[PDB]
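Protein chains in written order, with the entry's author numbering: chain Y, 2039 to 2087; chain L, 2233 to 2329; chain X, 2233 to 2281; chain S, 632 to 728; chain A, 632 to 874; chain G, 535 to 583. As structure tokens, the structure follows; a few thoughts come after it.
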Amino acid sequence: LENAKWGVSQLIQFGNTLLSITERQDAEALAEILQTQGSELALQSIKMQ
Amino acid sequence: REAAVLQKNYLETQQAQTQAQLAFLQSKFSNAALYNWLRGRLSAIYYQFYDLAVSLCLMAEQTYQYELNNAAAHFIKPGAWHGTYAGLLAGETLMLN
Amino acid sequence: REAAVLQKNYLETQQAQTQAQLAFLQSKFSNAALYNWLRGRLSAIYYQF
Amino acid sequence: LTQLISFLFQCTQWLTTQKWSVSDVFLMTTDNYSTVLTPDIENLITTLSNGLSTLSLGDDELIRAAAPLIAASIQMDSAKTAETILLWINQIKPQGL
Amino acid sequence: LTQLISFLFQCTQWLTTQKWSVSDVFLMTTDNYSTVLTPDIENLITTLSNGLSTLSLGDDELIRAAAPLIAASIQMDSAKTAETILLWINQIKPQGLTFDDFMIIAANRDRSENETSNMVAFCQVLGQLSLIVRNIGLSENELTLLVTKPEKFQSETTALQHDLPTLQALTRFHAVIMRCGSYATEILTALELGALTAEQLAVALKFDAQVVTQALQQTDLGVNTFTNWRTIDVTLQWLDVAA
Amino acid sequence: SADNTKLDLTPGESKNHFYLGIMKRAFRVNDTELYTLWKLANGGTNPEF
């Protein structure tokens, strides 16, 4: 039971870390796509000026 | 007219700064590529660790069923790796069991 | 008039980019549905614990 | 006839006050729905099968057990809302269930 | 001649609708790619060599083992998307390489120039597939359907190709499914089976049941349900003309 | 002319195109929409027009 509780506590740690990694990944991809479309809008605004 | 030319130069400066921010987001070490590699590698290690920990829980269940003379004591529920949510909270379900 | 047409094209680009952000928030893995499922499952496990 | 006209008028007024469409109210109030096995329904099936423990006692205890899992599956925020929706559907019984 | 003119016109229209360039479609669909050993390909090699355990069994188990590592290496978000892309490339085999015998050309560090050229072509086809998925937008419930059962894409295809018409039809398929909105998963899982009929597509696209079933009877005189995507597309073309 | 002439409003079995086109233009409606308009008038049925 001590060995099993060890392994399951390590698995809890890995699941928490995987959750944090995938939400950081999603926020990073969001910021990247925001910068790309901001660049395109800046080009269009220069063409308007 | 000269004021409008200065305004166009301001807009060109804004475009150059947005390009600099995009280049920084590409060239930073903690970009999206590092997190993609982290989540893929960690999903692989997490699944293999799920196999190992459910094997250890089955070891403990076999031990309990041998000690208390009862072969029907089934405490580890089948499941707990829900693949559509990538098997999260598997450690929570196994800790509960 | 041509400047106003370019402005309307800029506004259409802004609408398309906001739709792209909404589609990204729907299609990301760490959306609201994953957190809803996490809080329900964890509330059940928390009560039994 | 004038009852039908007044009903259609006040229903259209309430609809455009609530900023819904006829398709939206038809989704929330229809009875000609599909019979196909949706992946959301499959996830509800496997969640409500695996996460649930031994078979419990009716609306008194089985509903309070299964309300967090149902609020997990269909995207509701409160287990109390899921519980009273389960009472709502138990006093309604769609297709005898 | 007029077929070529119409093809170039509708390809340019789909291109400017999708806001891509000819260079972008050439990147996603070319066949004259490089043979040089990219650092991304080197990272894929060392990841898929070191992180992988003992040598597993084919598309059944080795693909499910190596899909998180491939989704880690080339920047995809889901191991299920990486798995169905691996099935896509295993039924395509660029330069003879399946997913097996790419692992064996990898993990050696002593290979021929043809061997590293074949592994580089394999990794570049993988990158092209990553772009062709994340550019058009596919959360794999539409994609793995067309990968596993390409009959549901078209009844004549039987092998989902890397071609420009397959890309354009993928675009229009994804556009119709995203236009379905709230019923999109129901339309997809009804096309998974053969139960997708009228009064479901007409509900999902806010049409009339009799108009939809008249167009379906016009494109197929006795097929009551939607058994394919090509009948759905020509049905919506009939509806567009009638509207 | 409002004659008592029978006409089945199912969208394929009319063959009396004069009254059909006159009704469709006067009600600004399609064949199918006219048929479901007549079906709403008799509670989902089409007895006889």
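Idealized CB from N, CA, C, for every residue including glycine.
Residue i, buried or exposed, once every other Cβ within 10 Å from all chains shown has been counted against 16
{"i": "residue 654 of chain A", "result": "exposed"}
{"i": "residue 724 of chain A", "result": "exposed"}
{"i": "residue 2273 of chain X", "result": "buried"}
{"i": "residue 684 of chain S", "result": "exposed"}
{"i": "residue 750 of chain A", "result": "buried"}
{"i": "residue 665 of chain A", "result": "exposed"}
{"i": "residue 2233 of chain X", "result": "exposed"}
{"i": "residue 662 of chain S", "result": "exposed"}
{"i": "residue 2306 of chain L", "result": "exposed"}
{"i": "residue 2324 of chain L", "result": "buried"}
{"i": "residue 704 of chain A", "result": "buried"}
Residue i, enclosing alpha helix (DSSP H) - first and last residue
{"i": "residue 2267 of chain X", "result": "2264–2280"}
{"i": "residue 782 of chain A", "result": "Careful: residue 782 of chain A lies outside any alpha helix (DSSP H) and carries neither H nor E."}
{"i": "residue 721 of chain S", "result": "710–721"}
{"i": "residue 2240 of chain L", "result": "2234–2259"}
{"i": "residue 842 of chain A", "result": "840–850"}
{"i": "residue 572 of chain G", "result": "565–575"}
{"i": "residue 746 of chain A", "result": "744–765"}
{"i": "residue 740 of chain A", "result": "Note, residue 740 of chain A: premise wrong, no alpha helix (DSSP H); not H, not E."}
{"i": "residue 656 of chain A", "result": "653–660"}
{"i": "residue 868 of chain A", "result": "861–873"}
{"i": "residue 832 of chain A", "result": "832–835"}
C-beta neighbour in chain L for residue i, strict 9 Å
{"i": "residue 2273 of chain X", "result": "yes"}
{"i": "residue 2243 of chain X", "result": "no"}
{"i": "residue 669 of chain S", "result": "no"}
DSSP-derived helix/strand/coil call for residue i
{"i": "residue 681 of chain S", "result": "helix"}
{"i": "residue 812 of chain A", "result": "helix"}
{"i": "residue 636 of chain A", "result": "helix"}
{"i": "residue 2083 of chain Y", "result": "helix"}
{"i": "residue 2043 of chain Y", "result": "helix"}
{"i": "residue 641 of chain S", "result": "helix"}
{"i": "residue 584 of chain G", "result": "Nothing about residue 584 of chain G can be reported from this structure: the residues present for chain G run from 535 to 583 only."}
{"i": "residue 668 of chain A", "result": "coil"}
{"i": "residue 2291 of chain L", "result": "helix"}
{"i": "residue 2327 of chain L", "result": "helix"}
{"i": "residue 2308 of chain L", "result": "coil"}
Closer than 9 Å at the beta carbon, the chain Y residues around residue i
{"i": "residue 2256 of chain X", "result": "2064, 2067, 2068, 2071"}
CB contact below 9 Å: residue i versus chain A
{"i": "residue 2240 of chain X", "result": "no"}
{"i": "residue 721 of chain S", "result": "no"}
{"i": "residue 2270 of chain L", "result": "yes"}
{"i": "residue 646 of chain S", "result": "no"}
{"i": "residue 2322 of chain L", "result": "no"}
Any C-beta of chain S under 9 Å from that of residue i
{"i": "residue 2280 of chain X", "result": "yes"}
{"i": "residue 821 of chain A", "result": "yes"}
Per-residue contacts from residue i into chain X (C-beta, under 8 Å)
{"i": "residue 2056 of chain Y", "result": "What residue 2056 of chain Y touches in chain X: nothing, since even the nearest Cβ is about 11 Å away."}
Chain-ordered chain X contacts of residue i [CB-CB under 7 Å]
{"i": "residue 708 of chain A", "result": "2261"}
{"i": "residue 682 of chain S", "result": "2273, 2276"}
{"i": "residue 688 of chain S", "result": "Near residue 688 of chain S there are no residues of chain X at all, since even the closest Cβ is about 16 Å away, more than 7 Å."}
{"i": "residue 2331 of chain L", "result": "In the structure displayed, chain L extends from 2233 to 2329; residue 2331 of chain L sits before or after that span and is not available."}
Cutoff 9 Å: residue i Cβ touching any chain X Cβ
{"i": "residue 2040 of chain Y", "result": "no"}
{"i": "residue 725 of chain S", "result": "no"}
{"i": "residue 2043 of chain Y", "result": "no"}
{"i": "residue 825 of chain A", "result": "no"}
{"i": "residue 770 of chain A", "result": "yes"}
{"i": "residue 639 of chain S", "result": "no"}
Residue i: contacting residues in chain L (beta-carbon distance under 8 Å)
{"i": "residue 704 of chain A", "result": "2269, 2272"}
Chain-ordered neighbours of residue i on chain S, where CB pairs are closer than 9 Å
{"i": "residue 2265 of chain X", "result": "706"}
Residue i: contacting residues in chain Y (beta-carbon distance under 8 Å)
{"i": "residue 2250 of chain L", "result": "2073, 2076, 2077, 2080"}
Proximal chain S residues relative to residue i, where beta-carbon distance stays under 8 Å
{"i": "residue 841 of chain A", "result": "Chain S residues near residue 841 of chain A: none, gap ~15 Å exceeds 8 Å."}
Partners in chain A for residue i, counting only beta-carbon separations shorter than 7 Å
{"i": "residue 658 of chain S", "result": "813"}
Listed by chain order, chain L residues near residue i by CB distance under 9 Å
{"i": "residue 781 of chain A", "result": "Result: empty, since nearest Cβ-Cβ is about 24 Å, beyond 9 Å."}
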